[PDB]
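Report on the following structure.
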Amino acid sequence: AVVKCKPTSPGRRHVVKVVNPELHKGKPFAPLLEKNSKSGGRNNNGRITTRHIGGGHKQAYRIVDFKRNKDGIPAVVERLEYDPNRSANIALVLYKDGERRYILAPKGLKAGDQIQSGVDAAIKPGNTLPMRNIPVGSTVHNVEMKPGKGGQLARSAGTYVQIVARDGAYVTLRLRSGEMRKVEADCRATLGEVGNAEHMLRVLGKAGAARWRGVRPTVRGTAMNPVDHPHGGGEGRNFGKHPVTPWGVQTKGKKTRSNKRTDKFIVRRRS
Amino acid sequence: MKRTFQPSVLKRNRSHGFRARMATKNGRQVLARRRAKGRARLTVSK
Amino acid sequence: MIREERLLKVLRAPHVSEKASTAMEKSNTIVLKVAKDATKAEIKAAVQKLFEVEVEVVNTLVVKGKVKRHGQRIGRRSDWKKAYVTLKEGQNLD
RNA sequence: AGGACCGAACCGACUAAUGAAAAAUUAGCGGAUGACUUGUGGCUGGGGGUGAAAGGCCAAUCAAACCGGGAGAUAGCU
RNA sequence: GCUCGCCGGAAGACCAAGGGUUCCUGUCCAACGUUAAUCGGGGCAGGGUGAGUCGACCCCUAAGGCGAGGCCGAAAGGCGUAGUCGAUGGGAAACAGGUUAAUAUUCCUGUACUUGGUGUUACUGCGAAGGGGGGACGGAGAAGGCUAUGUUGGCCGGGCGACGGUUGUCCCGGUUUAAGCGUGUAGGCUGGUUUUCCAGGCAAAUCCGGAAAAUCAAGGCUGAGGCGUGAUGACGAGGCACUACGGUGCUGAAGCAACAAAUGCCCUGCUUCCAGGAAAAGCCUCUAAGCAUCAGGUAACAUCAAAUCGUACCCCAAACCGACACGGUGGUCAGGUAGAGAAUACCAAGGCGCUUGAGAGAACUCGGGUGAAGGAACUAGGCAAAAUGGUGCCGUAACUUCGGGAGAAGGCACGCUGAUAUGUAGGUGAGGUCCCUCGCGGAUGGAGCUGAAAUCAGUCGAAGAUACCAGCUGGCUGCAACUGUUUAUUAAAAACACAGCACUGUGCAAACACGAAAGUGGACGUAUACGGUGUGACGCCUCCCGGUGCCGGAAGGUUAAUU
Numbered sequence: 002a003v004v005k006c007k008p009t010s011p012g013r014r015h016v017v018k019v020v021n022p023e024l025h026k027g028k029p030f031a032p033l034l035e036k037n038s039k040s041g042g043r044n045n046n047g048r049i050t051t052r053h054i055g056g057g058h059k060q061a062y063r064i065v066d067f068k069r070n071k072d073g074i075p076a077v078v079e080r081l082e083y084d085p086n087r088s089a090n091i092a093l094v095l096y097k098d099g100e101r102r103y104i105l106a107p108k109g110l111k112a113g114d115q116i117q118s119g120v121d122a123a124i125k126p127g128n129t130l131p132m133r134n135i136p137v138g139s140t141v142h143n144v145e146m147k148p149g150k151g152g153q154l155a156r157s158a159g160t161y162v163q164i165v166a167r168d169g170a171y172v173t174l175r176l177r178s179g180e181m182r183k184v185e186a187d188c189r190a191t192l193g194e195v196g197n198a199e200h201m202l203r204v205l206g207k208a209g210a211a212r213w214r215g216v217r218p219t220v221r222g223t224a225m226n227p228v229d230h231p232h233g234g235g236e237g238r239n240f241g242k243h244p245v246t247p248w249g250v251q252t253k254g255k256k257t258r259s260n261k262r263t264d265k266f267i268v269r270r271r272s
Numbered sequence: 001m002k003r004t005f006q007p008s009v010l011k012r013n014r015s016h017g018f019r020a021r022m023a024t025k026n027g028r029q030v031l032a033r034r035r036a037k038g039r040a041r042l043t044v045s046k
Numbered sequence: 001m002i003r004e005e006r007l008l009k010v011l012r013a014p015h016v017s018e019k020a021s022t023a024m025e026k027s028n029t030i031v032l033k034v035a036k037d038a039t040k041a042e043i044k045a046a047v048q049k050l051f052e053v054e055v056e057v058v059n060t061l062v063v064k065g066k067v068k069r070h071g072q073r074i075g076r077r078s079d080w081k082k083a084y085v086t087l088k089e090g091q092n093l094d
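Protein chains in written order, with PDB author numbering: chain h, 2 to 272; chain m, 1 to 46; chain 2, 1 to 94.
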């Protein structure tokens, strides 16, 4: 649930917490863990390539299963877990053959729930089956775009996709963006919505909270000198130019999709 | 007042030492230059 | 097993000093100058063969050379290896 | 509980008067569990870096570092 | 040598880094030392640094670096796989005393430990580049158990006072002892043991994981401290022999108890929070190829082994970074009285008086003290000074986002002695007595020790938070919501950032950014996400598309290469 914190200090006043009691209070499943060091938004050349990244808390990498290939074995949900690496919540599941995996926790999922992947699998939340097997009009998440690759669409805290149509070898998806997209009908998808839907209701409430999430502060181009940004300079507050990136490209409207290879799959762009 | 030079032997060697100079071309040229000049101490190496 | 020639080349000299004299008289320990490359076991072997005397143990150390100035010109003395060789109880050395 | 309070260390540098000091002193001053501070090592290189942005900082040097070279640049000027 | 004075969370002690002989001894005083110099971190000569257990080396890896092939690139070269390097992190082992002019966990004395070989007898499944476990991990908070350490008493030794008193409830000093081995406690974690099966752990697995079934409630792991031993020892106040006045040799009492107590240890624990918290080896374990009655494994016992390098000295400084014998510099140690305290004052241990002195006692300057009467009249401005200053209790407005405002404001008490109470409330806790699955056990018990806070009565002073220390307060108002950041060295702000808001892009080989490219970041993320721009908590809100941009359209006009 969301929780407005009492204003016992400025910087706590405007805070809203998103508290799920059902998460695991404990150390995660260590076998599925692995190291994940921070970039600072800097590439192999050592240059900053994406500004405003830096610092934040040390995080491990949970090995989430997005490919979801344990066909026919039924699994049961052991617990839900906090993943620092994503807006969603993860679920530690236990297959009957003794293997455990992390999966995106869907909306209704909880400890004790049974889930299943496969063509034969049942059409219920958390189950995963090819979209030619999934009825039209259903909500799914963790959608593969290429068969066998692993889910790439609809992984964020409260996303999902609509299968609006199945026309032969393809099905047409309604993406969260509003973009309509063809996808091969043999690609895989998980039933239901992804879990942590009130994720958006949280409000950080202070500068430090943003820092905790590895976000360095943002300087406005207009606050700079001309040598730095197109917006710089001006005695007092001047802005007599069309908005642009630090690299001179228009920002308020100018489209930038250039991919002519996948134009065919886009049924309708978002609006 | 913390002045610029804050010595550290290892750091000195890695930065300027013989092997470092050897590693890259430009360093090798520097070495060659110094040899030509007649430098007694070719490198920072003690 | 150390070669005789190497053994002979190990031992440079006896070291005379107050501390050395004290070590000799009290702890039955001789203080030698030895080759800088000479290891402890080597030194011991050489002691045993060339002075004909049982060794308990050898401690070694490296003496660094002093920087001196002859007139205006600076110059450094050689470094050299010192060895305290402790000799078995009752071992009297000439 | 807290980018909570008072307050030493520690980090800073608002007022004041005054070469031991190429930016210090003393007296006061701000923060002091955090967007803190600090050691060791690492990476980013010059129209390039980094920048909670002051054209700041990049070895007492910055509206384009230093070293060497073109080079005895050119100087209707002194 | 005796006085005086200063530091004492340092101006003491020990290290790292950095320096590199500055260490110690003798000797010299030209130069160096802001003066003199017999002295010196100066000159010259000699001496000095001892390790299986400290550190490096070594095994393991992080960020990162290099990188066979490889991909890419006019050349140079870039990226990067396998790999290999890389500590600031993980990985076996030593303590006490004595000694040098100068080293010591390194020498000596005592008492230990480690992990390798080799050989043994005893046994008999060993075996990895592979599987599993472990190592292995955050912040804050709270206690409880402890010790370091300190105080008092007891004990032991010495003393009987340069001036009134001082054989006592008097004075001074000491009252220390390790690692190791044994015990396995306060406490923490977990249900154990056996059997059966199984699409999992790249193959196999007796291991892990998962299913069942049986049976017992104690099983294991961890763990400070204490106790015992170590120790008939060592050390020991000071006494006694020699004296090159430096010291050397002999000798040696007591060596207990209580209370208090860390920020250190149990604790890598427990509780809790969200921001969700290295890796690999060592270590344990499982098997595979293999080998097969051999090797290898574990078992004790014997022997050998532990190489190499560092070890002096300075290290908040006269030895490092600052041109100087001139501010900066990470870690560890942390006594007493008062105190909340690592603040502050005075002291201990220890270390210093800052390498020019001597006079004088003009102006003027600096740093301080006090000041009649006035009390901001000063001044751009109360700048600077002065003032406030503690604990407890009473009391406290507007406004408010109901948290605040608020230590609002303002007041009262405060010393010492006695009594309550030859020391209370509390804390601690010995004997005795009882229980007992027997121990570091549980009950009862209260000796002794410690010990606030209050009330009443008296008492001194001008003054009792007496020194050091230690808020000035209130009223209206602009700006910025707030904590933060900034022009190293004239600007700390109303500037930047901020949480929040909005627009816009981006469907993943994402947009974008660095890269002739390969590739990398974005992100091991996927529209509840990421990028860009503006605005900037919260509250109430928030006409013009002509111009320039952007988006969409494509009927016509115009229009490249080409032909």
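Virtual Cβ for every residue (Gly too), placed ideally from N, Cα, C.
Nearest-angstrom Cα separation, counted from residue j out to residue i
{"i": "residue 203 (chain h)", "j": "residue 193 (chain h)", "result": "23 Å"}
{"i": "residue 75 (chain h)", "j": "residue 65 (chain h)", "result": "18 Å"}
{"i": "residue 209 (chain h)", "j": "residue 263 (chain h)", "result": "41 Å"}
{"i": "residue 201 (chain h)", "j": "residue 23 (chain m)", "result": "53 Å"}
{"i": "residue 35 (chain m)", "j": "residue 51 (chain h)", "result": "45 Å"}
{"i": "residue 31 (chain h)", "j": "residue 81 (chain h)", "result": "15 Å"}
{"i": "residue 249 (chain h)", "j": "residue 239 (chain h)", "result": "17 Å"}
{"i": "residue 78 (chain h)", "j": "residue 103 (chain h)", "result": "10 Å"}
{"i": "residue 185 (chain h)", "j": "residue 171 (chain h)", "result": "4 Å"}
{"i": "residue 163 (chain h)", "j": "residue 18 (chain h)", "result": "30 Å"}
{"i": "residue 228 (chain h)", "j": "residue 222 (chain h)", "result": "11 Å"}
{"i": "residue 219 (chain h)", "j": "residue 225 (chain h)", "result": "12 Å"}
{"i": "residue 64 (chain 2)", "j": "residue 23 (chain 2)", "result": "21 Å"}
{"i": "residue 5 (chain h)", "j": "residue 16 (chain h)", "result": "6 Å"}
{"i": "residue 133 (chain h)", "j": "residue 154 (chain h)", "result": "17 Å"}
{"i": "residue 116 (chain h)", "j": "residue 177 (chain h)", "result": "24 Å"}
{"i": "residue 93 (chain h)", "j": "residue 258 (chain h)", "result": "38 Å"}
{"i": "residue 215 (chain h)", "j": "residue 53 (chain h)", "result": "8 Å"}
Residue i: first and last residue of the uninterrupted beta strand (DSSP E) it sits in
{"i": "residue 27 (chain m)", "result": "Element bounds for residue 27 (chain m): not the beta strand (DSSP E) but the alpha helix (DSSP H), 25 to 37."}
{"i": "residue 5 (chain 2)", "result": "Not the beta strand (DSSP E): residue 5 (chain 2) falls in the alpha helix (DSSP H), residues 4 to 10."}
{"i": "residue 76 (chain 2)", "result": "73 to 76"}
{"i": "residue 76 (chain h)", "result": "75 to 82"}
C-beta contact flag for residue i and residue j at 8 Å
{"i": "residue 111 (chain h)", "j": "residue 126 (chain h)", "result": "no"}
{"i": "residue 105 (chain h)", "j": "residue 119 (chain h)", "result": "no"}
{"i": "residue 22 (chain h)", "j": "residue 60 (chain h)", "result": "no"}
{"i": "residue 190 (chain h)", "j": "residue 141 (chain h)", "result": "yes"}
{"i": "residue 41 (chain h)", "j": "residue 57 (chain h)", "result": "no"}
{"i": "residue 88 (chain 2)", "j": "residue 60 (chain 2)", "result": "no"}
{"i": "residue 12 (chain h)", "j": "residue 207 (chain h)", "result": "yes"}
{"i": "residue 276 (chain h)", "j": "residue 158 (chain h)", "result": "Coverage of chain h is limited to positions 2 through 272, which leaves residue 276 (chain h) absent and any answer about it impossible."}
Three-state class that DSSP yields for residue i in the structure shown
{"i": "residue 210 (chain h)", "result": "helix"}
{"i": "residue 66 (chain 2)", "result": "coil"}
{"i": "residue 20 (chain h)", "result": "coil"}
{"i": "residue 52 (chain 2)", "result": "coil"}
{"i": "residue 59 (chain 2)", "result": "strand"}
{"i": "residue 216 (chain h)", "result": "strand"}
{"i": "residue 3 (chain h)", "result": "strand"}
{"i": "residue 190 (chain h)", "result": "strand"}
{"i": "residue 46 (chain 2)", "result": "helix"}
{"i": "residue 29 (chain 2)", "result": "strand"}
{"i": "residue 21 (chain m)", "result": "helix"}
{"i": "residue 170 (chain h)", "result": "coil"}
{"i": "residue 252 (chain h)", "result": "coil"}
Contact test: residue i Cβ vs the ligand GDP heavy atom, cutoff 7 Å
{"i": "residue 81 (chain h)", "result": "As far as ligands go, the structure on display features none, and thus does not contain the ligand GDP."}
Limits of the alpha helix (DSSP H) - the one that residue i falls within
{"i": "residue 10 (chain m)", "result": "9 to 16"}
{"i": "residue 19 (chain 2)", "result": "18 to 22"}
So, does the segment 29 to 36 of chain 2 touch the segment 2 to 16 of chain 2, judging by three or more C-beta pairs under 8 Å? Contact between the segment 29 to 36 of chain 2 and the segment 2 to 16 of chain 2 is present, with at least three C-beta pairs closer than 8 Å.
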